[PDB]
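What follows is a single structure, written as structure tokens, with notes after it.
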Amino acid sequence: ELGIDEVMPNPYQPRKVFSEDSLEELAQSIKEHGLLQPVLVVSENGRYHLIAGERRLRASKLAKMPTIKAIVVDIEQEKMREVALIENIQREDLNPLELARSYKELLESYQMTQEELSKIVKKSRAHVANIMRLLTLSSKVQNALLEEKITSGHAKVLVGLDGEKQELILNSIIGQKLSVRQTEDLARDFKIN
Amino acid sequence: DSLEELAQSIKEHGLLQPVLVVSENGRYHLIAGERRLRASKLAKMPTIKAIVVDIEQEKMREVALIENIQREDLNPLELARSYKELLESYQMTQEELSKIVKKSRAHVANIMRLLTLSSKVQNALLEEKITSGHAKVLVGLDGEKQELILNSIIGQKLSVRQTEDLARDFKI
DNA sequence: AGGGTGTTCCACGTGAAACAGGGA
DNA sequence: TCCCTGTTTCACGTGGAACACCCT
């Protein structure tokens, strides 16, 4: 139960090659263990609900002669983080981009998909999707949004276009007084066919 | 909360149903006892400290090694049962095992398929009248045909080439 | 686009059965 | 004649490559 959550964020291998990479210690692993990833325990890595790793025919019977049994926990920063981030995620007073940040933060730091994210914050999942594509825009565009010269609808049409295109269409959107509808049409003929 | 914590304190049971821990072979770690334990801080002294539901690893190591170490004297059925056990009493991918015992993954598979054969077939392989060359060809087959062909193997003493050919016709 | 698994079929070295001398 | 031993050849089950299906 510990590992399926350990592996959870961003490894290139489904098992994190961190318990088996002990390989042969070669008097070389107790030297650079040093500042390691902040939380681990010996053969099996009880997270917050401490537990035991399953078979370990090999991994627990090599052991080593000089051990660090040190009980150290890191988790609390991360879980206090999670409550802080979710508690943030639902806020009346949030500009589109900060929100999008917290969405992206949760989606990346932890694995639970944007669908559930959307269940928490009570919106559709294509919404969390679009609020988050808001982050990739030009800085003229983000400035415009924050400045409320344009609105998330407009900005959400602009994503995927080079900065030059973005800033032309943005220049049109403002001072042609465009509507999200007109904006989607105007943008439409600048995307591929 | 506090009330429930005084509750199991007075009551003999402590854990009316004991907690579950693991033994590191050096230390002890919990499984689903936060309630029991935190509550049992108000109670006194260590209050489990005797055989209660717990998982021990040293035992599991003995198991791990007795399994991994076999004098190659076993017939295909305890062999199969060991292979299965190695992925049944613990969860394993067949490939990994193939790597351990120095056989191909296929060999592991077929050896384990041996365990799903008719009682008659199984008992003719633990007895010495059938081989695995024979037995593995009768898998995924209905009982009646297992019986039929089996009689044909034992009766006419067919070579597995025969047996595979003969059983071929009783397969789609 | 991928690993895990079940299922088919035949390559392979082993071991011996057959054959061939050969010493009487 | 018979037994012993040197040689050639190929049947056998074993285990594996390969194929085929799920599960994703």
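In the structure tokens, chains take the letters A, B, ... in the order shown, each chain's residues start at 1, and ligands count up from 1 in the order shown.
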Just the residues within 12 Å of residue 11 in chain C, please, counting only C-alpha atoms (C1' of nucleotides), with nothing from its chain fewer than 6 positions along; format it as an MDAnalysis selection string. chainID D and resid 14:17
Keeping N, CA and C atoms (P, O5', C5', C4', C3', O3' and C1' of nucleotides) for every residue in the selection just given, could you write it to a file as a short mmCIF file (atom, residue, chain, number, x, y, z; two decimals), in the first residue's frame?
```cif
data_model
loop_
_atom_site.label_atom_id
_atom_site.label_comp_id
_atom_site.auth_asym_id
_atom_site.auth_seq_id
_atom_site.Cartn_x
_atom_site.Cartn_y
_atom_site.Cartn_z
P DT D 14 9.12 -34.62 -19.32
"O5'" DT D 14 10.29 -33.68 -19.94
"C5'" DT D 14 11.65 -33.88 -19.52
"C4'" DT D 14 12.38 -32.65 -19.94
"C3'" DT D 14 11.78 -31.42 -19.31
"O3'" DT D 14 12.82 -30.93 -18.50
"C1'" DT D 14 12.08 -31.10 -21.68
P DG D 15 12.78 -29.45 -17.88
"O5'" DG D 15 12.84 -28.48 -19.16
"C5'" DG D 15 13.98 -27.79 -19.38
"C4'" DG D 15 13.74 -26.94 -20.60
"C3'" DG D 15 13.10 -25.61 -20.25
"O3'" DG D 15 13.84 -24.73 -21.05
"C1'" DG D 15 11.84 -26.66 -21.92
P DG D 16 13.78 -23.15 -20.81
"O5'" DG D 16 13.48 -22.58 -22.25
"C5'" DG D 16 14.33 -22.95 -23.29
"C4'" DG D 16 13.78 -22.47 -24.60
"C3'" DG D 16 13.20 -21.07 -24.57
"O3'" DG D 16 13.28 -20.56 -25.86
"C1'" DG D 16 11.47 -22.53 -25.03
P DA D 17 13.58 -19.01 -26.07
"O5'" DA D 17 13.39 -18.78 -27.63
"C5'" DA D 17 13.52 -19.83 -28.56
"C4'" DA D 17 12.38 -19.73 -29.57
"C3'" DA D 17 11.92 -18.31 -29.92
"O3'" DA D 17 11.66 -18.27 -31.34
"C1'" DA D 17 10.10 -19.51 -29.12
#
```
Taking only C-alpha atoms (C1' of nucleotides) into account, find every residue of chain B that has an atom no more than 8 Å from chain D, and write it out as a ChimeraX atom specification. /B:103-104,106-107,131,133,159-160
Store the residues picked out above in a file with N, CA, C and O atoms, as a short mmCIF file (atom, residue, chain, number, x, y, z; two decimals), in the first residue's frame.
```cif
data_model
loop_
_atom_site.label_atom_id
_atom_site.label_comp_id
_atom_site.auth_asym_id
_atom_site.auth_seq_id
_atom_site.Cartn_x
_atom_site.Cartn_y
_atom_site.Cartn_z
N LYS B 103 14.51 -20.56 -15.53
CA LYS B 103 13.68 -21.18 -16.58
C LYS B 103 13.04 -20.03 -17.37
O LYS B 103 13.06 -18.88 -16.92
N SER B 104 12.48 -20.35 -18.54
CA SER B 104 11.68 -19.39 -19.32
C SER B 104 10.31 -19.17 -18.73
O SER B 104 9.77 -20.02 -18.01
N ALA B 106 7.52 -19.23 -20.20
CA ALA B 106 6.63 -20.24 -20.74
C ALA B 106 6.62 -21.48 -19.84
O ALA B 106 5.57 -21.91 -19.38
N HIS B 107 7.80 -22.02 -19.58
CA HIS B 107 7.95 -23.16 -18.67
C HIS B 107 7.19 -22.99 -17.35
O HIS B 107 6.55 -23.92 -16.85
N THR B 131 3.56 -38.17 -18.31
CA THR B 131 4.53 -37.08 -18.14
C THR B 131 3.91 -35.70 -18.34
O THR B 131 2.77 -35.58 -18.75
N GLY B 133 4.91 -33.70 -20.56
CA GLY B 133 4.82 -33.58 -22.01
C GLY B 133 3.41 -33.95 -22.41
O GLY B 133 2.78 -33.25 -23.20
N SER B 159 3.92 -41.60 -27.40
CA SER B 159 4.94 -40.59 -27.23
C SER B 159 4.24 -39.26 -27.29
O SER B 159 3.28 -39.12 -28.02
N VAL B 160 4.71 -38.26 -26.55
CA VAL B 160 4.11 -36.93 -26.54
C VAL B 160 3.84 -36.41 -27.94
O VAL B 160 3.04 -35.52 -28.12
#
```
Return as a ChimeraX atom specification the full set of residues in range 85-136 of chain A whose backbone-based DSSP assignment is alpha helix (DSSP H). /A:85-89,96-109,114-121,125-133
Export of the given selection (C-alpha atoms) as a PDB file, in the first residue's frame:
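Done, and the output landed in again-v9.pdb:
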```pdb
ATOM      1  CA  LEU A  85      -3.781  23.948  -1.367  1.00  0.00           C
ATOM      2  CA  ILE A  86      -7.260  22.436  -1.494  1.00  0.00           C
ATOM      3  CA  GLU A  87      -8.508  25.028   1.012  1.00  0.00           C
ATOM      4  CA  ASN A  88      -7.044  27.567  -1.373  1.00  0.00           C
ATOM      5  CA  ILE A  89      -8.534  25.903  -4.461  1.00  0.00           C
ATOM      6  CA  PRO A  96      -7.967  32.956 -13.075  1.00  0.00           C
ATOM      7  CA  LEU A  97      -4.218  32.354 -13.088  1.00  0.00           C
ATOM      8  CA  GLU A  98      -3.510  31.896  -9.350  1.00  0.00           C
ATOM      9  CA  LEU A  99      -6.407  29.390  -9.324  1.00  0.00           C
ATOM     10  CA  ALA A 100      -4.933  27.633 -12.379  1.00  0.00           C
ATOM     11  CA  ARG A 101      -1.663  27.499 -10.448  1.00  0.00           C
ATOM     12  CA  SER A 102      -3.284  25.699  -7.495  1.00  0.00           C
ATOM     13  CA  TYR A 103      -5.058  23.321  -9.860  1.00  0.00           C
ATOM     14  CA  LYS A 104      -1.746  22.554 -11.569  1.00  0.00           C
ATOM     15  CA  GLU A 105       0.059  22.305  -8.241  1.00  0.00           C
ATOM     16  CA  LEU A 106      -2.378  19.680  -6.966  1.00  0.00           C
ATOM     17  CA  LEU A 107      -2.497  17.854 -10.280  1.00  0.00           C
ATOM     18  CA  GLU A 108       1.259  17.605 -10.368  1.00  0.00           C
ATOM     19  CA  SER A 109       2.324  17.176  -6.763  1.00  0.00           C
ATOM     20  CA  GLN A 114      -8.386  16.584 -12.873  1.00  0.00           C
ATOM     21  CA  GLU A 115     -11.775  14.919 -12.841  1.00  0.00           C
ATOM     22  CA  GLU A 116     -11.714  14.530  -9.058  1.00  0.00           C
ATOM     23  CA  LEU A 117     -10.149  17.910  -8.788  1.00  0.00           C
ATOM     24  CA  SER A 118     -13.249  19.169 -10.532  1.00  0.00           C
ATOM     25  CA  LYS A 119     -15.474  17.189  -8.150  1.00  0.00           C
ATOM     26  CA  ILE A 120     -13.909  18.981  -5.151  1.00  0.00           C
ATOM     27  CA  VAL A 121     -14.191  22.456  -6.618  1.00  0.00           C
ATOM     28  CA  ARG A 125     -13.433  18.645 -15.686  1.00  0.00           C
ATOM     29  CA  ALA A 126     -13.070  20.445 -19.020  1.00  0.00           C
ATOM     30  CA  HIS A 127     -13.219  23.527 -16.844  1.00  0.00           C
ATOM     31  CA  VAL A 128     -10.200  22.658 -14.690  1.00  0.00           C
ATOM     32  CA  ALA A 129      -8.607  21.796 -18.032  1.00  0.00           C
ATOM     33  CA  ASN A 130      -9.279  25.257 -19.492  1.00  0.00           C
ATOM     34  CA  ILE A 131      -8.507  27.318 -16.400  1.00  0.00           C
ATOM     35  CA  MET A 132      -5.175  25.507 -16.438  1.00  0.00           C
ATOM     36  CA  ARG A 133      -4.461  26.008 -20.165  1.00  0.00           C
TER      37      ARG A 133
END
```
Please build the interface table for chain B against chain A with a cut-off of 6 Å, listing for each qualifying residue the nearest atom pair and the distance in Å to one decimal; count only C-alpha atoms, order rows by chain and increasing number, and write it as JSON lines.
```
{"residue": "B:30", "atom": "CA", "partner": "A:50", "partner_atom": "CA", "distance": 5.9}
{"residue": "B:31", "atom": "CA", "partner": "A:51", "partner_atom": "CA", "distance": 5.8}
{"residue": "B:64", "atom": "CA", "partner": "A:57", "partner_atom": "CA", "distance": 5.8}
```
